[PDB]
Amino acid sequence: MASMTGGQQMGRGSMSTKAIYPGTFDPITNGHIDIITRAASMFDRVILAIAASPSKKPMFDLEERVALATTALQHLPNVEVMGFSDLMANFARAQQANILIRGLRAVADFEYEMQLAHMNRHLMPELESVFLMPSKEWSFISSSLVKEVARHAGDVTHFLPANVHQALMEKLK
Amino acid sequence: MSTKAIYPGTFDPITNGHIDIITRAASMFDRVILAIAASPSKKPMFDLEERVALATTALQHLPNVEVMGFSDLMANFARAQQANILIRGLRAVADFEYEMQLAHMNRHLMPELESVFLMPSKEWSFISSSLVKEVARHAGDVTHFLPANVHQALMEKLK
């Protein structure tokens, strides 16, 4: 019925879904892999959006982060890895994404996440934020923690894909 | 291929907040079932038939949404309905803890069911069924928080 309408997003059934999953991914962990795997099972397409210039200087640079993530997620056919240096909402608009994936680990974060969702709603009303809890297995891991453990020779082989594990070991002398 | 989501609750009664959540979910999933719990441990103001009837009317305009009652383990209901997604609205910090616990249990019961969380719109962020009822019980104006059919039914329950 194209001559009459292009159609709207809401109230007319299910639409094509393209999700962004933004983060610093410094480096990507099994926790991140689990989140994106789950999102990729329920949305048509998913972009892992790696922030180029985070406020805290990352251990891996953008090129390394993007390279590691690409390798770790190559087995997922509807997932693509990109870097971005913008607001998550501006990147979403640029990529014609309509879904924003956010991991929800801690109760402390909930308030901040709700506030961010309200801001993103203001910036891009057509972008829906969607929240996934991490699996129980990955619920206590973070990039930061895995790095600090690894720096003092703690075993983190269970928390990272092999390619990331090797790269991390190289960063730490 | 297909996504089929369940959005469970007591919906006693359905509010504009619930309507917002399910509208958003129905835009991203092929099918959505509003699953209304038949026998909640606290006795509801509206019975299942009334809850289901009100919700059906409020959501009739959404073509990929179906309203049903259920009286079984959510995992068993989801399996029966061939659902692979579980929608929960997330309003408060207090709720998040309980919902994370439930999600971990549901992962144990039904690994193939993915729980998904939506924040309510800013407009509906402070409303709940319980609050709207308590306000209405003492003649507060709640016309802004309910669809007309639910508003009329609530007024009747309190007169």
# chains A, B, ... in the order shown; residues from 1 in each chain; ligands from 1

call {"tool": "interface_residues", "arguments": {"of": "chain B", "to": "chain A", "cutoff": "10 Å", "atoms": "only C-alpha atoms", "output": "JSON, numbers by chain"}}
result
{"B": [1, 2, 3, 4, 23, 24, 25, 26, 27, 28, 29, 30, 31, 32, 59, 61, 62, 63, 64, 65, 84, 85, 88, 89, 90, 91, 92, 93, 94, 95, 96, 97, 99, 100, 101, 103, 104, 107, 114, 115, 116, 117, 118, 119, 120, 121, 122, 125]}

call {"tool": "select_by_dssp", "arguments": {"residues": "range 52-125 of chain B", "states": "strand (DSSP E or B)", "output": "number ranges by chain"}}
result
B: 65-70, 85-89, 114-118

call {"tool": "residues_around", "arguments": {"residues": "residue 38 in chain B", "least_positions_apart": "3", "cutoff": "8 Å", "atoms": "only C-alpha atoms", "output": "PyMOL selection string"}}
result
chain B and resi 10+47-48+69-71

call {"tool": "atom_distance", "arguments": {"atom1": "CA of residue 70 in chain A", "atom2": "CA of residue 159 in chain A"}}
result
17.3 Å

call {"tool": "atom_distance", "arguments": {"atom1": "CA of residue 75 in chain B", "atom2": "CA of residue 6 in chain B"}}
result
10.4 Å

call {"tool": "closest_residue", "arguments": {"among": "A:76, A:4, A:50, A:28", "to": "residue 161 in chain A", "atoms": "only C-alpha atoms"}}
result
A:28

call {"tool": "residues_around", "arguments": {"residues": "residue 156 in chain B", "least_positions_apart": "3", "cutoff": "12 Å", "atoms": "only C-alpha atoms", "output": "PyMOL selection string"}}
result
chain B and resi 45-46+136-137+149-153+159

call {"tool": "write_last_selection", "arguments": {"atoms": "C-alpha atoms", "output": "PDB file, in the first residue's frame"}}
result
ATOM      1  CA  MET B  45      -9.617  -6.132  43.018  1.00  0.00           C
ATOM      2  CA  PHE B  46     -10.657  -7.422  39.578  1.00  0.00           C
ATOM      3  CA  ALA B 136      -8.861   6.420  43.336  1.00  0.00           C
ATOM      4  CA  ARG B 137     -10.133   4.899  46.611  1.00  0.00           C
ATOM      5  CA  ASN B 149     -12.743   1.457  29.767  1.00  0.00           C
ATOM      6  CA  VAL B 150     -10.551   0.704  32.801  1.00  0.00           C
ATOM      7  CA  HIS B 151     -11.327   4.071  34.390  1.00  0.00           C
ATOM      8  CA  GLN B 152     -15.087   3.427  34.175  1.00  0.00           C
ATOM      9  CA  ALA B 153     -14.713  -0.098  35.599  1.00  0.00           C
ATOM     10  CA  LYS B 159     -19.109   2.896  44.239  1.00  0.00           C
TER      11      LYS B 159
END

call {"tool": "select_by_dssp", "arguments": {"residues": "range 6-144 of chain A", "states": "alpha helix (DSSP H)", "output": "JSON, numbers by chain"}}
result
{"A": [30, 31, 32, 33, 34, 35, 36, 37, 38, 39, 40, 41, 42, 62, 63, 64, 65, 66, 67, 68, 69, 70, 71, 72, 88, 89, 90, 91, 92, 93, 94, 107, 108, 109, 110, 111, 112, 113, 114, 115, 116, 117, 118, 119, 120, 121, 122, 123, 143, 144]}

call {"tool": "atom_distance", "arguments": {"atom1": "CA of residue 90 in chain A", "atom2": "CA of residue 60 in chain A"}}
result
24.1 Å

call {"tool": "residues_around", "arguments": {"residues": "residue 72 in chain A", "least_positions_apart": "4", "cutoff": "9 Å", "atoms": "only C-alpha atoms", "output": "PDB file with N, CA and C atoms, in the first residue's frame"}}
result
ATOM      1  N   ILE A  28      36.849  -7.157  25.185  1.00  0.00           N
ATOM      2  CA  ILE A  28      35.596  -7.898  25.198  1.00  0.00           C
ATOM      3  C   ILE A  28      35.774  -9.145  26.064  1.00  0.00           C
ATOM      4  N   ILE A  33      30.081 -11.268  25.234  1.00  0.00           N
ATOM      5  CA  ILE A  33      29.792 -12.235  24.179  1.00  0.00           C
ATOM      6  C   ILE A  33      28.420 -12.854  24.424  1.00  0.00           C
ATOM      7  N   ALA A  67      39.502  -5.349  16.503  1.00  0.00           N
ATOM      8  CA  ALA A  67      40.048  -6.554  15.897  1.00  0.00           C
ATOM      9  C   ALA A  67      39.716  -7.782  16.749  1.00  0.00           C
ATOM     10  N   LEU A  68      39.907  -7.641  18.068  1.00  0.00           N
ATOM     11  CA  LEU A  68      39.636  -8.717  19.002  1.00  0.00           C
ATOM     12  C   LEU A  68      38.150  -9.109  18.996  1.00  0.00           C
ATOM     13  N   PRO A 161      37.582 -15.157  25.656  1.00  0.00           N
ATOM     14  CA  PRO A 161      37.902 -16.001  24.511  1.00  0.00           C
ATOM     15  C   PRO A 161      39.423 -16.051  24.347  1.00  0.00           C
ATOM     16  N   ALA A 162      39.911 -17.123  23.709  1.00  0.00           N
ATOM     17  CA  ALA A 162      41.332 -17.438  23.634  1.00  0.00           C
ATOM     18  C   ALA A 162      42.125 -16.283  23.018  1.00  0.00           C
ATOM     19  N   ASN A 163      41.581 -15.671  21.952  1.00  0.00           N
ATOM     20  CA  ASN A 163      42.287 -14.626  21.234  1.00  0.00           C
ATOM     21  C   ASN A 163      42.526 -13.431  22.150  1.00  0.00           C
ATOM     22  N   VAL A 164      41.540 -13.126  23.004  1.00  0.00           N
ATOM     23  CA  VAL A 164      41.618 -11.993  23.911  1.00  0.00           C
ATOM     24  C   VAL A 164      42.575 -12.336  25.040  1.00  0.00           C
TER      25      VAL A 164
END

call {"tool": "closest_residue", "arguments": {"among": "A:40, A:89, A:123, A:141", "to": "residue 158 in chain A", "atoms": "only C-alpha atoms"}}
result
A:141

call {"tool": "residues_around", "arguments": {"residues": "residue 35 in chain B", "least_positions_apart": "5", "cutoff": "6 Å", "atoms": "only C-alpha atoms", "output": "VMD selection string"}}
result
chain B and resid 7 to 8 68 to 69
